[PDB]
Number of protein chains: 4
Amino acid sequence: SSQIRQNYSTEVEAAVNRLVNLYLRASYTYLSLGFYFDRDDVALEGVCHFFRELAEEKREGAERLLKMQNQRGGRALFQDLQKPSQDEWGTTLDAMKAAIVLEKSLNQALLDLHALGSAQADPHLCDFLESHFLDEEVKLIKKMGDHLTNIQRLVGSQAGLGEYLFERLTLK
Amino acid sequence: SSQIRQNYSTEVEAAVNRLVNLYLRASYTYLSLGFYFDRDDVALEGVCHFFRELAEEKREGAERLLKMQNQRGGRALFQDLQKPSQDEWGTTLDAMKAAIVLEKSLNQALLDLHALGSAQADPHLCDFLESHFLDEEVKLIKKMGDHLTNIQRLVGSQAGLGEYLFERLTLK
Amino acid sequence: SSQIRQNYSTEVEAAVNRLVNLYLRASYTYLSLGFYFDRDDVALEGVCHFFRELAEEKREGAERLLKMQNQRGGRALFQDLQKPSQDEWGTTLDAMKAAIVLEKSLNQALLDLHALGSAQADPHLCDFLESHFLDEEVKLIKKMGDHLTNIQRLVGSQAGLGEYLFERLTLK
Amino acid sequence: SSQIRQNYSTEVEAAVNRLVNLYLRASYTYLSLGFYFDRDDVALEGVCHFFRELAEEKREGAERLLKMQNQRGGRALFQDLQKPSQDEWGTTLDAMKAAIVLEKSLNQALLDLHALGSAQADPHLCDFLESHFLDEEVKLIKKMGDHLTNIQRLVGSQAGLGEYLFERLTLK
Ligand SMILES: [Cl-]
Ligand SMILES: [Cl-]
Ligand SMILES: [Cl-]
Ligand SMILES: [Cl-]
Ligand code: NA
Ligand code: NA
Ligand code: NA
Ligand code: NA
Ligand code: NA
Ligand code: NA
Ligand code: NA
Ligand code: NA
Ligand code: NA
Ligand code: NA
Ligand code: NA
Ligand code: NA
């Protein structure tokens, strides 16, 4: 094992590889969400932009995890990336619900890795997750909750008009 | 025939003259659409601007075809320009449907000329159409499809209010 | 099928989805190559940068194909992404050989799609591939051939020293 | 004891004094390494600069620990500083191996203090170490591992030439 590796368990090394797979799967789900909203029969440019930006954020998350794996002397192992759960994502409301479920799953994977690091007494891992992931995930989930509330308030009223207004006046 | 003319069939020369007529007819249709939306009893400035800009694009298309006709040593022949199909264009939805039908007809005329150029082994014509027309037409048809979807989503909800919002928040 | 779709075969639509999968698989292979070269026991920063930049290029290729799919009124369909062919990539020479084999496979997939577009008389597809893919692929394969020649000239001489010099004086 | 001291154990206070001694000992070792590489019969300016910069980093580490000791109301106690382990440091490879062993020892002292802070429920200490020391130490050890790999690849090939090239083309 590495000349540099110190206090870095095989359990954390494997969990980090699994977390990379989860973040790349999430990036791929957001790519599908973004292009769905660019369809000529869906055509919500602000929604497409919101999800394409999240695809980039999740890929950057995966890349940060891979850099950290190499800095600790672990070995990156890539697995197949499962396709997204849907081919078509319904309304803006349906899509934002699917996104908040996906973010909560990433959050729970972060909290599980944090607990593993704590059990393995790995403060560099705990610091890394706290610094680069946990606060960003909480902020993103809160933003998605705010969006869900605003979408629901609008499409209860008058569904097509409310989806247009949310895209025009909240998203860009 | 020209001192410059080389590999330029009489079939392509005639089809180019017909395509100029189609583009000028389209420019004239967009002029009528634009001024309809400027009527005091229609009054959708963003819609008028959208169609007036397309009138200019179609005239520029015709002018590019005429320049190319002279560059190849063909002879421009102008015919009567038929008036537009309607005097009044209904709602924004009606108008955008009429526009996408007109763009699909220009697209099919481009594809027909491309096929003629291919049959006549005229790669300069094929390159000209690919470079200046085919991609612009696909992009425009996609934009009109996106508009149709957004208009339909809005005027299903509440017709007059939805037409106002589309003009204010999408068009300018 | 789409309000916008015109002259866009189901055969091309499916081949475009397959080509997106190939480009995303290639992006993933380049991500693995890049992080392999960042390992503390490999440590060739210029090589890691070369492959990470190609990971971004291949993802941008996939995104361009998806935009084009929507512009033509086709429907993006995502499949599972197969993991890369290796977990460890050997020397710079081994890696550059694996990269040129992967680029030739993408090139052959582009040429196959071009031939399908030609058989289906789809000049917009032929133009799209010629404009955004075919010349970039030829230029990249030539650059990789130049690299392979320089690496082979260096590591024939004195393997570790030659790999260091190539990374320091050609790559960045 | 201090008017300001709160939740700051005598065990942590003593361990912080010991850690200051370790960091100043490391600074002194890097001073000796730097001046060894400036000898007219060694003469590797980039290597001398690398170690002199680390001498400054380790002294800054000690100074940060002393500031923190006073901020918590502990009392700085200075002990004799042991001379470095060698008077002459051999090749660049020998020196970089000695440096990575010294950094791993500082890292293990940081992890031991983190574990003590955790046992004493001292989150300010845990935060201080995570913020200013743990990530810097991991990044430095990874950089030294990368250097060791590159030096070994070069001096396996042709020892004197490889040491020159590493100094000229990696270090400055
Ligand atoms: Cl372990
Ligand atoms: Cl002829
Ligand atoms: Cl078909
Ligand atoms: Cl105490
Ligand atoms: Na370890
Ligand atoms: Na769980
Ligand atoms: Na937002
Ligand atoms: Na001719
Ligand atoms: Na026809
Ligand atoms: Na527009
Ligand atoms: Na079609
Ligand atoms: Na083939
Ligand atoms: Na290059
Ligand atoms: Na205390
Ligand atoms: Na210990
Ligand atoms: Na350095």
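Residues numbered from 1 in each chain as written, not as in the entry; some residues may be left out. Chains lettered and ligands numbered in written order. Part of a larger assembly, values for the part shown. Heavy atoms only, no water.

For this deposited structure, the header cites X-ray crystallography as the method used and 1.5000 Å as the resolution.

**Some points on the overall build of chain A**
Worth spelling out the cut-off: Helix and strand definitions follow DSSP, with helices as H or I runs of at least four residues and strands as E runs of at least two, each counted in order from the N terminus. Relative accessible area decides the class of each residue, using a 1.4 Å probe on protein chains only: under 20% of the type maximum gives buried, over 50% gives exposed, and in between gives partly exposed. Under the convention used here, a 1.4 Å probe and the Shrake-Rupley method define accessible areas, while residue burial counts only the protein chains that appear. The charge count treats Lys and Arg as positive and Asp and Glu as negative. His and the chain ends do not count. By convention, the point assigned to a charge is CZ for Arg, NZ for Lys, CD for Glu and CG for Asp.
When helices and strands are tallied, chain A shows five helices and zero strands. Going from N to C terminus, chain A has its helices and strands arranged as α-α-α-α-α. Each of the three principal axes of chain A carries a C-alpha extent, and together these read 60 × 25 × 20 Å. Counting only residues that meet the buried cut, chain A has 58% of its 172 residues in that class. Looking at chain A as shown, the accessible area adds up to about 7100 Å², and 49% of this sits on carbon and sulfur atoms. Taking the average location of the 20 positive side-chain charges in chain A and that of its 26 negative ones, the two points are 2 Å from each other.

**Notes on the arrangement of the chains**
Stated formally: The contact definition used throughout considers only heavy atoms, calling two residues in contact when any of these lie within 4.5 Å.
Of all five pairs of chains in contact, the one with the most contacts involves chains A and C. When C-alpha atoms are compared, chain B and chain D, though not in contact, are closest at a spacing of 47 Å.

**Considerations on the interface of chain B and chain C**
Heads up, the condition is: A simple way to read buried area is as the amount of 1.4 Å-probe accessible surface that goes missing from two parts once joined, with both sides added. Identification of polar contacts relies on pairs of N or O atoms within 3.5 Å, with a donor-acceptor requirement for protein atoms, meaning one able to donate a hydrogen and the other able to accept it, and with residues adjacent in sequence counted only if both atoms are side-chain atoms.
With 16 residues of chain B at the contact, the number on the chain C side is twelve residues. Across the chain B/chain C interface, buried area totals approximately 1300 Å², and carbon plus sulfur atoms make up 56% of it. Here chain B and chain C share five residue pairs in polar contact between them. Broken down by secondary-structure element, the contributors of at least two residues to the side of chain B that touches chain C are α3 (92-119) and α4 (123-157) of chain B. In terms of residue count, α4(B) provides more of the side of chain B that touches chain C than any other element does, ten residues in total.

**Thoughts on α3(B)**
For clarity, the cut-off: Here, expected helix span is obtained from the residue count minus one, scaled by 1.5 Å.
Between its first and last C-alpha, α3(B) extends 40 Å over 28 residues, near the 40 Å set by a 1.5 Å rise per residue. Note on α3(B): the residue one or two positions beyond its end, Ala121(B), has a positive phi of about 50°.

**A closer look at the UniProt feature "binding site: Fe cation" in chain A**
Residue and element names in this part refer to chain A. For clarity, the threshold we go by: UniProt positions are given in the numbering used here, feature names are shortened, and annotations may be inferred rather than shown by experiment.
Cross-referencing UniProt, the feature "binding site: Fe cation" maps to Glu-53, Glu-56, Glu-57, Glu-60 and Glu-63 in the present numbering. Residue class for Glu-53 comes out partly exposed when judged on its relative accessible area of 35%. For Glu-57, the position within the fold is in helix α2 (residues 45-72). On the basis of relative accessibility, which here comes to 38%, the residue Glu-57 falls in the partly exposed class.

**Things to note about the relation of the copies chain A and chain C**
There are two copies of the chain, and a rotation about an axis plus a shift along that axis relates them. Filter applied, for reference: Only the C-alpha atoms enter the least-squares fit used to superpose the copies.
If you rotate chain A by 180° and push it 0.0 Å along the axis, it lands on chain C with an RMSD of 0.0 Å. Accordingly, the operation relating the two chain copies is best matched by a two-fold axis. Relative to the rotation axis, the closest C-alpha in chain A is found at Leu81(A), a distance of 2.5 Å. By residue overlap, the copies meet face to face through one surface: 100% of the interface positions of chain A are interface positions in chain C.

**Looking at the nonpolar core**
Short version of the rule: Residues belong to one nonpolar core when they are buried, are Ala, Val, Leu, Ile, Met, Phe, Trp, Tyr or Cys, and are joined through side-chain atoms within 4.5 Å.
Residues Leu65(A), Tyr30(C), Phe37(C), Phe51(C), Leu65(C) and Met144(C) are the most contacted members of the largest nonpolar core, which totals 83 residues. Contributing elements (two or more residues each) for this core: α1 (10-37), α2, α3 (92-119) and α4 (123-157) of chain A together with α1 (10-37), α2 (45-72), α3 (92-119) and α4 (123-157) of chain C. Here this core takes 15 residues from α1(C), the largest share from any one element. If sequence neighbours within four positions are ignored, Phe37(C) has contacts with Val42(C), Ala43(C), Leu44(C), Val47(C), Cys48(C), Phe51(C), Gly90(C), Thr91(C), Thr92(C) and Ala95(C). Counting 55 residues, the second largest nonpolar core, distinct from the first, contains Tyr36(B), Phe51(B), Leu110(B) and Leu113(B).

**Examining helix α5 (residues 159-169) of chain B**
Since there are 3.6 residues in each turn of an α-helix, residues three or four apart along the chain are aligned in direction. All buried positions along α5(B) are accounted for by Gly162(B), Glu163(B), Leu165(B), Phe166(B) and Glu167(B). Of the surrounding secondary structure, the elements contacted by the buried residues of α5(B) are α5 (159-169) of chain A together with α2 (45-72), α3 and α4 of chain B.

**Structural notes on the interface of chain A and chain C**
Stated formally: Definition used for salt bridges: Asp or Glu carboxyl oxygen within 4 Å of a side-chain nitrogen of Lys or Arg. Each residue is assigned to one class: nonpolar for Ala, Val, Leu, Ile, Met, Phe, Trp, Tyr, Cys and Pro, charged for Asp, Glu, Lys and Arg, and polar for all the others, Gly among them.
Residue-level contacts link 30 residues of chain A with 30 residues of chain C. In total, chain A and chain C occlude about 2700 Å² of area from one another, counting both sides; carbon and sulfur atoms represent 52% of this. Scanning the region where chain A abuts chain C turns up six salt bridges. Among the ionic pairs, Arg75(C) bridges to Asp40(A), the shortest N-O distance being 3.0 Å. Where chain A touches chain C, the interface holds 17 residue pairs in polar contact. Every element with two or more residues in the side of chain A that touches chain C is listed here: α1 and α2 of chain A. In terms of residue class, the side of chain A that touches chain C is built from ten nonpolar, eight polar and twelve charged.

**Concerning the packing of aromatic side chains**
Cut-off, in case you're wondering: Only rings of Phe, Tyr and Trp enter the pairing, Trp through its six-membered ring, and a pair is recorded when the two centres are within 6.5 Å. The plane angle decides the type: under 30 degrees is stacked, over 60 is edge-to-face, the rest tilted.
Applying the stated rule across the entire model yields 28 aromatic pairs over all chains. Taking the centre distance of 4.9 Å and the plane angle of 90° together, the rings of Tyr36(A) and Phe37(A) count as edge-to-face. Neither residue differs from the other here; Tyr36(A) and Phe37(A) are each classed as buried. Taken together, a centroid distance of 5.5 Å and an interplanar angle of 45° make the contact between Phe128(B) and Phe133(B) tilted. Judged by relative accessible area, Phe128(B) falls into the buried class, the value being 7%.

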